[PDB]
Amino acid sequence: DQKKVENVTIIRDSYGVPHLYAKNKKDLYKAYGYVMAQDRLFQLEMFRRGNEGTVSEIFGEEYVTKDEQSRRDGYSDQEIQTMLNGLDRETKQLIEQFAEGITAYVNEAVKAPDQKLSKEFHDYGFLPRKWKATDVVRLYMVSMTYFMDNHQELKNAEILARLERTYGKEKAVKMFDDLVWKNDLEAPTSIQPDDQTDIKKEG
């Protein structure tokens, strides 16, 4: 179908995917936030709560440990605003437009909750709140940081300590070097040595 939502034409295809036809980026990014909220508001709400450490407010005490970890490792709204203030002004404005579009759907849905707020909000008895650009950064962090954050150094320290206790330091060091190597020269690589030449090493 094809509809106009404010100043943007939205075509939703047979799979429901929205194709946004805007006259400029400001309008485009507001529509992008709006359609994502139309399609996924409860998911967005919970992803944001994940980063804020406010999941337990909805799902109870079994999420307090997770929320603790999130507040411990995360950033305050002011710290995120400082991040946003260091972007190119146009980029910051487009993230603000995206948040405005999510907010526009929130406002529409709170006005007609029986048709526009999904079952989870009814079951859990709460309303979505309005969004700011800092909340958009939180949506990025809650997932992208997962691929980067790990404590494998501490697991390694524990492996080595337990092996040293069991087998003595000399043997434990050798075992550890086979478990977690410095550099396996035979590991398959995305760039092969013959794919390009590093001039400085001389050919």
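Residues carry their position along the shown sequence, with the first being 1.
- When 122 to 130 is weighed against 100 to 108, 122 to 130 comes out higher, by mean CA B-factor as recorded in the entry.
- Legend: mean Cα B-factor per stretch from the PDB entry, 49 to 57 versus 24 to 32; the higher mean is in 49 to 57.
- The entry lists C-alpha B-factors for 149, 135, 153, 62, and the highest of these is at 62.
- Highest CA B-factor among 177, 158, 67, 39, as stated in the entry: 67.
- Per-chain ranking of the deposited C-alpha B factor places residue 183 in the middle third.
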